[PDB]
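Readers should treat all values here as calculations from the given coordinates under stated rules, not as data from a laboratory. Ideal geometry is used to build each Cβ from the backbone, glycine not excepted, and the neighbour counts take in all protein chains shown.
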DNA sequence: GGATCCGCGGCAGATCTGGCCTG
DNA sequence: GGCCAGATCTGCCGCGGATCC
Ligand SMILES: Nc1ncnc2c1ncn2[C@@H]1O[C@H](COP(=O)(O)OP(=O)(O)NP(=O)(O)O)[C@@H](O)[C@H]1O
Ligand SMILES: Nc1ncnc2c1ncn2[C@@H]1O[C@H](COP(=O)(O)OP(=O)(O)NP(=O)(O)O)[C@@H](O)[C@H]1O
Ligand SMILES: [Mg+2]
Ligand SMILES: [Mg+2]
Ligand SMILES: [Zn+2]
Ligand SMILES: [Zn+2]
Ligand SMILES: [Zn+2]
């Protein structure tokens, strides 16, 4: 999935943790929104 | 990152594996620490180059037949021995098409020889067809190809494969002789009896 | 500097990163706003009938599929892996008993973890994949229990 | 000669040990003595004092690619049959075929009623050998059995290959 | 067999080995019979005439105007491999610790004292343990008694 | 700093599901052999502390594995800690992945008060010196490295002296390289530490408290070593260094291990622990969690009232005993279950 | 046996003139730092007990201390006096100077202090020393045997460590002493245990017992012979009575790893009471019992049981922060003792 | 009053549990 | 797998207090 790979790649800026976190954020919309807000913040 | 086929598996005594692959850009040899045979794979090489990542793109399930496996190994070895970098962009699609044909068609020998003749033509080893072909040249010596065999060979060498199939629906012996004359003996030639 | 506190808490909450790792990441991202903005601009770039997560009420499995085959999956990562596999045309525990209606064979796609073992024992047509040896590699790079089970699971052909 | 021999062993430790051996003649002589002391059973193929192993001095038989595999199997403890040790596997690329294996030695030990475990490698070549031996056995009137394909113990689904999973599915068993 | 037992004993006795590793290598050599005699023949260079180091030939590459002192050949090769500098190289018998009875006599300090001629600088490349520091202090005191400017790595 | 939830499985004789302490002063009440000490020990071990008991004796009789789980939130953010006690050994999972025990050393943590401190105050010289070393070692690792190096050098020199002769000045300089640093660090720490202890103890009793550290080598290790050659030759051992210092606690200018009663010694131990808590809280910015066991057993009414007054101003604390303090939330322990009315 | 009267002068912070305890159970009540422990310690010393440095028992800025006690036993009353200072103790019995070994024969008293817990929760050495002194309090041969065994072992170890020589007589002496020490220890422990079990059963509900581990249970000579290689390798004797272990058991489990504070305190009190009962049955009349800080770390039931058990003794004195109900009480304020 | 002995605080050296890094 | 850090356990030496002649 494109957004998944984009997330794993941004997190890579190991791959297994990058993947685990991308999956978690995909499965936790609220937490991912809060993280995007804090990053904008 | 590169995309290619698996045509060589040499086990290494230290538990590693020697891999031989060909891409549309040319053949190569690679090694792996500690991907099955005849699989179209996309792989990333690091540098003999050491493979790092591999992605499977398809499996040919029907190759497990003994005779079919032997013919596929023959075709792959001939392709690798003819796998020049300049001809690689031509041979690679021909390789894939021949493998698909030998996987799907009821008689593997038909698409096998169909792909092999075209690979020989495109690899700079095109025989001179101008009834028995000797060292790639017709004459009274060599394997008796016959008028029908000569006509089918000319049609395959000149017409595209779509209408070349009906013509070919013994040339294997002539192709093997020509390849042996051009490049020398074949390791896999012992299997067929 | 009070703004960074919420960011540190947010990165701390996710598993696999400690509070000091989160603080280090925040500090590294504080003076590297180039890739912080790149990540922010790159960020943008489950149905009851299945249990599959997808945009829209109906998943792509619901959206050419059969209801005859239903497989229970432990995690959605395995669901994505099997979607990349594509060997079942069918649709994709405690609630299994009251989902038995409309199901004529039960497919068990759960992993072989001890939790899956206990769940299977509790739940005891139903089918389960076999225990055998993998493909490729070397016989000397295996484990004893797998050897024994393959010897006793030896099939006739 | 030393560097290559040390590297053949399955870098810095190899070198330190070679240096120590150079500085410890007695250990090197003891090792040469043990090596000469060390310098396959006619039927089983395992180790043996002299000619026949203590076991030799049988309805089940296990075909195996190498002696290491035989020993692994015996360590497993779930096999008390006999073995026939081949010289390898078929390989056209290495000129290996019916004229290179011990087929005729195999046929001197086989009987009509028997089961031959097909413990070949899990490759295209090992599978081709398995099918070939099975066909040769069905021609010669003997049962053919094949170990179960499937998932290994402790294996995760995410990291399993698509072929292993497909075989697991196709070979699924009732419970 | 008993030969396998004694081979495993010999392998375990030598440093830097595991008993499981020893057993697995014994089984591997039971599997490979040509590698046995190959290792046996590869098993069978002496002390340098001047320096006394192991030499591939007649002189060690050190001999063939900066001097360094090292505990053992291992750190010698480790330092030379990086190749920051080239100079005369010297090796000691070992460290200097009285717990197991190694004094100055048990070391090769006497040999080092023969060839101070033509020396303008000496650097003491010594390990970071306390025994190394004590050895460095003793060497610095002795050379200062003789008189040579000395340095140590950071 | 604030604790939110604690769960366990097969730990000592405990048998419960969850426990949610309120923010602020708390209490526990129970008879003999109920599990207050077990609960406090479990909390202390879960939050990353060190338990004096052996690892193999922290599980039930018959079982072979234990589980601990805590949920703590700080000024930064919430996180979860989890311990898997078993035959193999301890393992820590911070937020779901394996983590070395040294990583938790940077976390706030908690402090535990027990009669072991009272035993240490009235102990011999070596116990007091060890207590001082362990107390200082929690604020720097350089101190531990210096201590290890000094111990190795001392062993080497003693072994050299015991038999035969060899170069001796080298080991003298080697040991003097570390002795001075150790002495300077101890002096600085004591200078920074004494007034806090004095002002803390001034709010729990009426008398005066202080500290004293006498040094065998004040001017320098080399000068003291060269001035006692004959004694070293006769005895055969080193007689000067930081490994022979003496620490004494003073009540009204007199030693506390000869002229002190039980109540005064207990008050001194509590004051020392509270001063350490305050200093650690200042160091890390967020004060840790305070756990007191047997808060008011051997004290009279006035001292108990003074103790309760001080603990009311702390962020969060938990007291345990056989009686309920007046005016504070109370929970009861009966055979391992904690029920809060 | 009754302690009729007790006087002192310049002893710790005590500032009283006389103290006359009544027969039967009594009590003492005071706050922190008042002088209950000092009074109990003085009473213990006056009757010829054991204790703090001998130079630390004198009041601040003084040099002479005086203690005087008057006891009227069954046969007849007699007096005692003690003088403490720089020279040392001067014990005189009824006007005639005499040594402490003479007072060793008299019954004396038993003191229970918070220092008895370390005999239960302490290391192996402390437990072994406690057992040694407890056995020595009843017999005189034990001390001589222990001293002789210690000297013989020291000589043998010194000879063995420095090279080699002929080791024939030292082994014989060591065996000859160990064979008697072990037998005496077994004989004493065969009788001590039931009294302790009964007393603990009276005090609490669980069960208590003792376990002794012997390295050489059949003979010192054979044990020495069967370990010669490792004895020569290590350089120390590895067998003998000086390596036994004593363990206190609560419900069949070691007490120093599982017991709590209350259980340990109850076990220590039971041990002291068993010793008191054995001494009473041996000498002829029970000694006076002194219990200090009796009821802090115990619940209601344990305190009631302790008080009920102590109610039946010929004489006892209890001290603590809270007055027991239903017994005569005396208060202590700043070193002075006043009674109703 | 001088002198031998007995008992205990204090210290160095050897063992042993549990955590760590390298691979 | 293999090496080290740090707490617990055992025996030897010098010092204080009771006893003797
Ligand atoms: N590993 C264990 N398994 C089971 N029970 C145990 C274990 N360890 C101790 N116990 C029991 O737990 C009780 C002691 O619990 P503990 O937490 O010490 O009590 P406490 O409330 O502090 N009591 P106290 O301090 O004496 O007033 C006793 O009954 C022990 O027998
Ligand atoms: N040698 C001494 N000279 C003068 N005063 C002393 C001496 N020794 C102790 N004290 C005083 O006596 C106090 C100890 O009295 P102590 O007899 O222990 O009290 P207590 O009633 O038992 N107290 P507690 O046990 O704490 O409840 C010390 O704190 C000093 O004030
Ligand atoms: Mg408790
Ligand atoms: Mg008191
Ligand atoms: Zn759906
Ligand atoms: Zn055999
Ligand atoms: Zn040289």
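From least to most packed, judged by other beta carbons within 10 angstrom and beginning with the fewest, A:7, F:204 follow the order F:204, A:7.
Helix F:142-162 versus the longest principal axis of chain F: what is the Cα-based angle in degrees, 0 to 90, to the nearest 10? Relative to chain F, helix F:142-162 is tipped by roughly 40 degrees. The distance between label points at residue C:27 and residue C:120 comes to 4.9 nm (points 7 Å beyond Cα on the Cα→Cβ vector).
Peptides D:140-148, D:101-109, ordered by how many other C-beta atoms sit within 10 Å of their residues on average, highest first, read D:140-148, D:101-109.
For the residues F:101, F:25, F:68, a GNM of chain F with alpha-carbon springs under 10 Å puts the largest fluctuation on F:101.
In this rough spin-label picture, where each label sits 7 Å from Cα along the Cβ direction, the residue F:158-residue G:214 distance is 3.8 nm. The residues G:70, B:64, when put in order of fewest to most other Cβ atoms within 10 Å, stand as B:64, G:70.
What the Cα convex hull of segment G:163-253 gives, in volume per residue, is 103 Å³. The mean number of Cβ atoms from other chains found within 10 Å of a Cβ in peptide E:130-139 is 5, as a whole number.
Between helix F:125-137 and chain F there is an angle of about 70 degrees, using the helix long axis and the longest principal axis of the Cα atoms.
The label point for residue G:176 and the one for residue B:128, both projected 7 Å from the Cα toward the Cβ, are 12.1 nm apart. Compute the angle between helix F:169-201 and the longest alpha-carbon principal axis of chain F, please, reported from 0 to 90 degrees and rounded to the nearest 10. Helix F:169-201 and the main axis of chain F meet at about 40 degrees.
What is the projected area of the convex hull of the Cα atoms of segment F:265-341, averaged over all directions, in nm²? The partial results should precede the final answer.
On the way: hull surface 24.7 nm².
The directionally averaged projection comes out at 6.2 nm².
Taken residue by residue and averaged, Cβ atoms of other chains lying within 10 Å of the Cβ of C:140-149 number 6.
Cα gyration tensor of segment C:1-111, axes a ≥ b ≥ c as square roots of the eigenvalues: rounded (a/c below 1.5), prolate (a/b > b/c) or oblate? Since a/c reaches 1.5 and a/b is larger than b/c, the shape of segment C:1-111 is classed as prolate. Answer rounded, prolate or oblate for segment F:1-87, using the Cα gyration tensor with square roots of eigenvalues a ≥ b ≥ c: rounded when a/c is under 1.5, else prolate when a/b is larger than b/c, else oblate. Oblate. Shielding by partners for peptide D:17-27, expressed as the average number of C-beta atoms from other protein chains within 10 Å of each residue's C-beta, is 3. Applying 1/(1 + (r/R0)^6) with r as the Cβ-Cβ distance of residue B:3 and residue C:98 and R0 = 51 angstrom yields a FRET efficiency of 0.55.
Taking all Cα-Cα distances within segment G:115-287, those exceeding 29 Å account for 31%. Here, segment D:25-175 is characterised by an Rg to Rh ratio of 1.05, where Rg is the alpha-carbon radius of gyration and Rh the Kirkwood radius. Our Cα-only numbers for chain B put the radius of gyration and Dmax at 17.4, 54 Å.
For segment E:121-154, backbone nitrogen atoms closer than 17 Å to the point 7 Å from residue D:12 Cα along Cα-to-C-beta are found at E:126-129.
Which semi-axes, in whole Å and largest first, does the equivalent ellipsoid of the protein assembly as shown have when worked out from the alpha carbon gyration tensor as the square roots of 5 times its eigenvalues?
Semi-axis lengths for the protein assembly as shown are 81, 43, 36 Å.
On the basis of the beta-carbon distance and an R0 of 41 Å, residue F:328 and residue F:56 show a calculated FRET efficiency of 0.65. Legend: P(r) of chain F from all alpha carbon pair distances, 10 Å bins from 0, whole percents, reading 5, 21, 27, 24, 15, 7, 2, 0. If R0 is 60 Å, the Cβ-Cβ spacing of residue F:166 and residue G:258 corresponds to a FRET efficiency of close to 0.70.
Determine, for each peptide in F:317-330, G:163-176, the mean count of other beta carbons within 10 angstrom over its residues, then list the peptides with the highest first.
Details: F:317-330: 16.6, G:163-176: 13.4.
Ranked from most to least packed, the peptides come out as F:317-330, G:163-176.
Judged by the gyration tensor of its Cα atoms, with axes a ≥ b ≥ c, segment F:24-180 is prolate; a/c meets the 1.5 cut and a/b is the larger of a/b and b/c. Kirkwood hydrodynamic radius (Cα pairs, Å) of chain A? Every distinct Cα pair counted, the radius reaches 10.4 Å. Estimated from helical segments only, the mean residue ellipticity of chain G at 222 nm is -13000 deg cm²/dmol, where each DSSP H run of four or more residues counts as -39500 (n - 2.57).
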